[PDB]
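Notes follow once the structure below has been shown.
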6 protein chains.
Amino acid sequence: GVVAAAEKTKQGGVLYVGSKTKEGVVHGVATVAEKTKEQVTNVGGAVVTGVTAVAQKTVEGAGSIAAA
Amino acid sequence: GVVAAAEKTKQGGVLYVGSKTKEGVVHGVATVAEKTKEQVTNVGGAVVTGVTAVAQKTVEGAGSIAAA
Amino acid sequence: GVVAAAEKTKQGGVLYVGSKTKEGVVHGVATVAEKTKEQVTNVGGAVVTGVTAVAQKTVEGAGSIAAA
Amino acid sequence: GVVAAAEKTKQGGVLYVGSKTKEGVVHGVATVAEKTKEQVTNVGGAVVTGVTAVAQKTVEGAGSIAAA
Amino acid sequence: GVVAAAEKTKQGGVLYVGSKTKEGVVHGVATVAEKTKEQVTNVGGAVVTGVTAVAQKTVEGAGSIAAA
Amino acid sequence: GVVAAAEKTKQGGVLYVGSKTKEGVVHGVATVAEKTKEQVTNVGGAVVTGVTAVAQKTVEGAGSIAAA
């Protein structure tokens with residue numbers, strides 16, 4: 001077996017982004033493996049997919065992951 | 001199998017995003033495996049999929065995953 | 001056998017997003033595996049799928065997952 | 001056998017989104033497997049599908065999943 | 001045998017979305033498997049399917065159920 | 001077996017980005033491995049995918065990861 005965990009606590013801005021380009025297909029995070037036993041896809045913190053996508057002050061939480 | 005847990009506690013702005021492009025198909029996070037036995041797809045925190053998608057101040061909880 | 005759990009506790013805005021593109025089919029998070037014993041699809045935190053979809057201040061709760 | 005549980009406790013806004021595209025079929029989270037024994041499809045937290053769908057402040061609850 | 005349970009306790013807003021596209025069929029979360037013995041579909045937290053359907057402040061409850 | 005965890009505590013802006021060039025497909029982070037058994041994909045902190053995508057003051061939380 002395995003264990004993992006996280007928590008957040010607390011005890012105590014402009015940005016200009018315009019998209020312009022003629023094409024984009026986007027894959028955020030991705031993998032392949034043929035003839036494979038233990039294909040495990042894991043994602044944490046913040047990740048987002050968009051042909052434009054923005055991360056102001058984005059992760060104030062916390063986290064961790066494990067596998068196999 | 002596997003065991004895990006998480007929590008939040010608490011004890012104590014502009015953004016400009018304009019889409020413009022002629023096409024985009026999008027896949028957020030994805031994987032494939034043929035002739036394959038133990039396919040496990042895991043996602044946590046915040047992840048979102050859109051041709052535009054935005055992550056302002058987004059993850060303020062906490063998290064973890066583990067598998068297989 | 002298997003166990004998992006989560007909770008939230010507590011003890012103590014602008015964004016401009018305009019979509020514009022001529023096409024997009026979108027699949028949020030997805031997988032395939034032919035000839036497969038243990039196909040397990042798990043999703044937690046926040047995930048949503050839309051040709052535009054947005055994550056303002058989104059995950060203030062908390063969570064975890066495990067499998068197989 | 002198998003076990004899972006979750007709870008919430010508590011002890012203590014703008015967004016502009018306009019859809020515009022000429023087409024989109026969308027499938028939110030999906031999987032397929034031919035000749036396959038134990039297909040288990042699980043979804044938690046928040047997930048929704050719509051050609052636009054938005055996740056303002058969305059998950060304040062908590063949750064978890066396991067299978068097999 | 002098998003176990004799962006949950007409930008909620010407590011002890012202590014704008015969004016603009018207009019749909020516009022010429023077509024989209026949508027199926028929210030779905031899976032298929034031919035020649036399959038233990039075909040199980042499970043859904044928790046918040047889920048709905050609609051050509052637009054929206055997840056403002058959506059899961060204030062908590063949950064799980066778990067399988068096989 | 002395996003163990004890992006993280007937390008955050010606390011006890012105590014202009015930028016100009018206009019996208020313009022004629023095309024870009026972008027993949028955030030990705031890998032492939034044929035005939036390979038233990039495919040593990042893990043991501044944390046903040047990373048985001050967009051042909052323009054921006055990281056003002058982005059990770060003030062913390063985390064770490066391990067596998068296999």
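We name chains A, B, ... following the order of the structure tokens; residues begin at 1 in each chain, and ligands are numbered from 1 as shown.
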- Pick out the residues sitting within 7 Å of region 8-11 of chain D, and hand them over as a PyMOL selection string; count only C-alpha atoms, and ignore anything fewer than 4 positions along from it in its own chain. (chain C and resi 7-11) or (chain D and resi 61-62) or (chain E and resi 8-12+61-62)
Using the selection just defined, write its residues with N, CA and C atoms as a PDB file, in the first residue's frame.
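Result saved to result.pdb:
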```pdb
ATOM      1  N   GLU C   7     -12.337  16.078   3.549  1.00  0.00           N
ATOM      2  CA  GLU C   7     -13.240  17.067   4.162  1.00  0.00           C
ATOM      3  C   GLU C   7     -12.810  18.494   3.825  1.00  0.00           C
ATOM      4  N   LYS C   8     -13.710  19.460   4.080  1.00  0.00           N
ATOM      5  CA  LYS C   8     -13.358  20.875   4.215  1.00  0.00           C
ATOM      6  C   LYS C   8     -13.777  21.397   5.594  1.00  0.00           C
ATOM      7  N   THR C   9     -13.033  22.397   6.083  1.00  0.00           N
ATOM      8  CA  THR C   9     -13.332  23.146   7.304  1.00  0.00           C
ATOM      9  C   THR C   9     -13.046  24.628   7.053  1.00  0.00           C
ATOM     10  N   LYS C  10     -13.518  25.502   7.958  1.00  0.00           N
ATOM     11  CA  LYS C  10     -13.095  26.901   7.989  1.00  0.00           C
ATOM     12  C   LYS C  10     -13.310  27.495   9.380  1.00  0.00           C
ATOM     13  N   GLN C  11     -12.312  28.254   9.877  1.00  0.00           N
ATOM     14  CA  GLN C  11     -12.253  28.703  11.273  1.00  0.00           C
ATOM     15  C   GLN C  11     -12.172  30.218  11.446  1.00  0.00           C
TER      16      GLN C  11
ATOM     17  N   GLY D  61     -17.739  21.875  -1.037  1.00  0.00           N
ATOM     18  CA  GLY D  61     -17.730  20.510  -0.528  1.00  0.00           C
ATOM     19  C   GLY D  61     -16.427  19.734  -0.687  1.00  0.00           C
ATOM     20  N   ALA D  62     -16.451  18.432  -0.387  1.00  0.00           N
ATOM     21  CA  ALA D  62     -15.282  17.559  -0.488  1.00  0.00           C
ATOM     22  C   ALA D  62     -15.721  16.151  -0.886  1.00  0.00           C
TER      23      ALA D  62
ATOM     24  N   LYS E   8     -23.630  16.165   4.784  1.00  0.00           N
ATOM     25  CA  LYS E   8     -23.142  17.528   4.967  1.00  0.00           C
ATOM     26  C   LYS E   8     -23.536  18.027   6.360  1.00  0.00           C
ATOM     27  N   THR E   9     -22.754  18.974   6.886  1.00  0.00           N
ATOM     28  CA  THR E   9     -23.116  19.753   8.075  1.00  0.00           C
ATOM     29  C   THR E   9     -22.727  21.218   7.888  1.00  0.00           C
ATOM     30  N   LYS E  10     -23.263  22.074   8.770  1.00  0.00           N
ATOM     31  CA  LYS E  10     -22.824  23.459   8.915  1.00  0.00           C
ATOM     32  C   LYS E  10     -23.077  23.981  10.327  1.00  0.00           C
ATOM     33  N   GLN E  11     -22.093  24.719  10.872  1.00  0.00           N
ATOM     34  CA  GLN E  11     -22.067  25.134  12.275  1.00  0.00           C
ATOM     35  C   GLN E  11     -21.953  26.644  12.479  1.00  0.00           C
ATOM     36  N   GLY E  12     -21.403  27.385  11.516  1.00  0.00           N
ATOM     37  CA  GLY E  12     -21.211  28.832  11.634  1.00  0.00           C
ATOM     38  C   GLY E  12     -22.479  29.648  11.797  1.00  0.00           C
ATOM     39  N   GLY E  61     -22.884  20.323  -0.710  1.00  0.00           N
ATOM     40  CA  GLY E  61     -22.844  18.961  -0.188  1.00  0.00           C
ATOM     41  C   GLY E  61     -21.479  18.289  -0.299  1.00  0.00           C
ATOM     42  N   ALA E  62     -21.387  17.001   0.041  1.00  0.00           N
ATOM     43  CA  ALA E  62     -20.161  16.206  -0.067  1.00  0.00           C
ATOM     44  C   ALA E  62     -20.558  14.770  -0.419  1.00  0.00           C
TER      45      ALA E  62
END
```
- Message: With only C-alpha atoms considered, list every residue of chain C at most 9 Å from chain A, as a list in words.
- Response: residues 12, 24, 52, 55, 57, 60, 62 and 64 of chain C
Next, write the just-selected residues to a file, as a short mmCIF file (atom, residue, chain, number, x, y, z; two decimals), in the first residue's frame, keeping C-alpha atoms as the atom set.
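Saved the output as part.cif:
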```cif
data_model
loop_
_atom_site.label_atom_id
_atom_site.label_comp_id
_atom_site.auth_asym_id
_atom_site.auth_seq_id
_atom_site.Cartn_x
_atom_site.Cartn_y
_atom_site.Cartn_z
CA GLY C 12 -11.46 32.40 10.57
CA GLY C 24 -13.53 23.44 -31.98
CA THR C 52 -14.93 28.02 -23.29
CA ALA C 55 -11.90 28.58 -13.27
CA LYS C 57 -11.35 31.04 -7.45
CA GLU C 60 -11.80 25.94 -2.03
CA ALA C 62 -10.46 19.60 -1.00
CA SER C 64 -8.40 12.82 -3.01
#
```
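A least-squares superposition of chain F onto chain E that uses all C-alpha atoms in sequence order produces an RMSD of 0.6 Å.
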- Expressed in Å to a single decimal, how great is the separation between CA of residue 39 (chain F) and CA of residue 39 (chain A)? 4.9 Å
- Which residue out of A:26, A:13, A:65, A:21 has the minimum interatomic distance to residue 51 (chain B) when only C-alpha atoms are used? A:26
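The two atoms in question, CA of residue 56 (chain D) and CA of residue 59 (chain B), are spaced 11.8 Å apart.
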- Item | Which of E:14, E:68, E:54, E:47 sits closest to residue 27 (chain E) [using only C-alpha atoms] |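 Of E:14, E:68, E:54, E:47, the one nearest residue 27 (chain E), counting only C-alpha atoms, is E:47.
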- Query: Could you write out, as a ChimeraX atom specification, all the residues of chain F that DSSP marks as strand (DSSP E)?
  - Reply: /F:3-8,16-18,26-32,40-41,63-65
Convert the current residue selection to file output with N, CA, C and O atoms, as a CSV table (one decimal), in the first residue's frame.
```csv
chain,number,residue,atom,x,y,z
F,3,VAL,N,5.4,7.1,0.3
F,3,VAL,CA,4.8,8.2,1.1
F,3,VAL,C,5.3,9.6,0.5
F,3,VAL,O,6.5,9.7,0.2
F,4,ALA,N,4.4,10.5,0.4
F,4,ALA,CA,4.7,12.0,0.2
F,4,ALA,C,3.6,12.9,0.6
F,4,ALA,O,2.4,12.6,0.6
F,5,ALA,N,4.0,14.2,0.9
F,5,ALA,CA,3.0,15.2,1.4
F,5,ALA,C,3.6,16.6,1.3
F,5,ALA,O,4.7,16.9,1.1
F,6,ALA,N,2.6,17.6,1.4
F,6,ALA,CA,3.0,19.1,1.4
F,6,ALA,C,1.9,19.9,2.1
F,6,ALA,O,0.8,19.6,2.2
F,7,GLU,N,2.3,21.2,2.5
F,7,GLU,CA,1.4,22.2,3.0
F,7,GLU,C,1.9,23.6,2.7
F,7,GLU,O,3.1,23.8,2.4
F,8,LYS,N,1.0,24.6,2.9
F,8,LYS,CA,1.4,26.0,3.0
F,8,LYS,C,0.9,26.7,4.2
F,8,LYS,O,-0.2,26.3,4.8
F,16,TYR,N,2.8,44.1,-20.2
F,16,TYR,CA,2.3,44.1,-21.6
F,16,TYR,C,2.7,42.8,-22.4
F,16,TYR,O,3.9,42.6,-22.7
F,17,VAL,N,1.7,42.0,-22.7
F,17,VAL,CA,1.8,40.8,-23.6
F,17,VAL,C,0.7,40.8,-24.6
F,17,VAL,O,-0.4,40.4,-24.3
F,18,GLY,N,1.0,41.1,-25.9
F,18,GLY,CA,0.2,40.9,-27.0
F,18,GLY,C,0.8,39.8,-27.9
F,18,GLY,O,1.9,39.8,-28.3
F,26,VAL,N,0.9,24.2,-29.8
F,26,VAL,CA,1.7,24.1,-28.6
F,26,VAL,C,1.2,22.9,-27.8
F,26,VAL,O,-0.1,22.7,-27.6
F,27,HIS,N,2.1,22.1,-27.3
F,27,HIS,CA,1.9,21.0,-26.3
F,27,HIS,C,2.6,21.4,-25.0
F,27,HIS,O,3.8,21.7,-25.1
F,28,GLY,N,1.9,21.4,-23.9
F,28,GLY,CA,2.5,21.9,-22.6
F,28,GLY,C,3.7,21.2,-22.2
F,28,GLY,O,4.9,21.7,-22.2
F,29,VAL,N,3.5,19.9,-21.7
F,29,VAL,CA,4.6,18.9,-21.4
F,29,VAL,C,4.0,17.6,-21.8
F,29,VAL,O,2.9,17.2,-21.6
F,30,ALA,N,4.9,16.8,-22.6
F,30,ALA,CA,4.4,15.5,-23.1
F,30,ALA,C,5.6,14.6,-23.4
F,30,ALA,O,6.7,15.0,-23.6
F,31,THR,N,5.3,13.3,-23.3
F,31,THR,CA,6.3,12.2,-23.5
F,31,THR,C,5.6,11.0,-24.1
F,31,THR,O,4.3,10.9,-24.0
F,32,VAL,N,6.3,10.1,-24.8
F,32,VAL,CA,5.8,8.8,-25.3
F,32,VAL,C,6.9,7.8,-25.0
F,32,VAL,O,8.1,8.0,-25.0
F,40,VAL,N,4.3,6.6,-16.1
F,40,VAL,CA,3.9,7.5,-15.1
F,40,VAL,C,4.0,8.9,-15.5
F,40,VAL,O,5.2,9.3,-15.8
F,41,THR,N,2.9,9.6,-15.6
F,41,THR,CA,2.9,11.1,-15.9
F,41,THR,C,2.4,11.9,-14.7
F,41,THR,O,1.3,11.7,-14.2
F,63,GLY,N,5.0,22.2,-3.0
F,63,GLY,CA,4.7,20.8,-3.2
F,63,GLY,C,6.0,20.0,-3.6
F,63,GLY,O,7.0,20.6,-3.8
F,64,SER,N,5.8,18.7,-3.7
F,64,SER,CA,6.8,17.8,-4.3
F,64,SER,C,6.2,16.4,-4.6
F,64,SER,O,5.1,16.2,-4.2
F,65,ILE,N,6.9,15.6,-5.4
F,65,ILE,CA,6.4,14.4,-6.0
F,65,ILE,C,7.5,13.3,-5.9
F,65,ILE,O,8.7,13.6,-5.9
```
- Message: One decimal, in Å: what's the spacing between CA of residue 43 (chain E) and CA of residue 43 (chain D)?
- Response: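 CA of residue 43 (chain D) lies 5.1 Å from CA of residue 43 (chain E).
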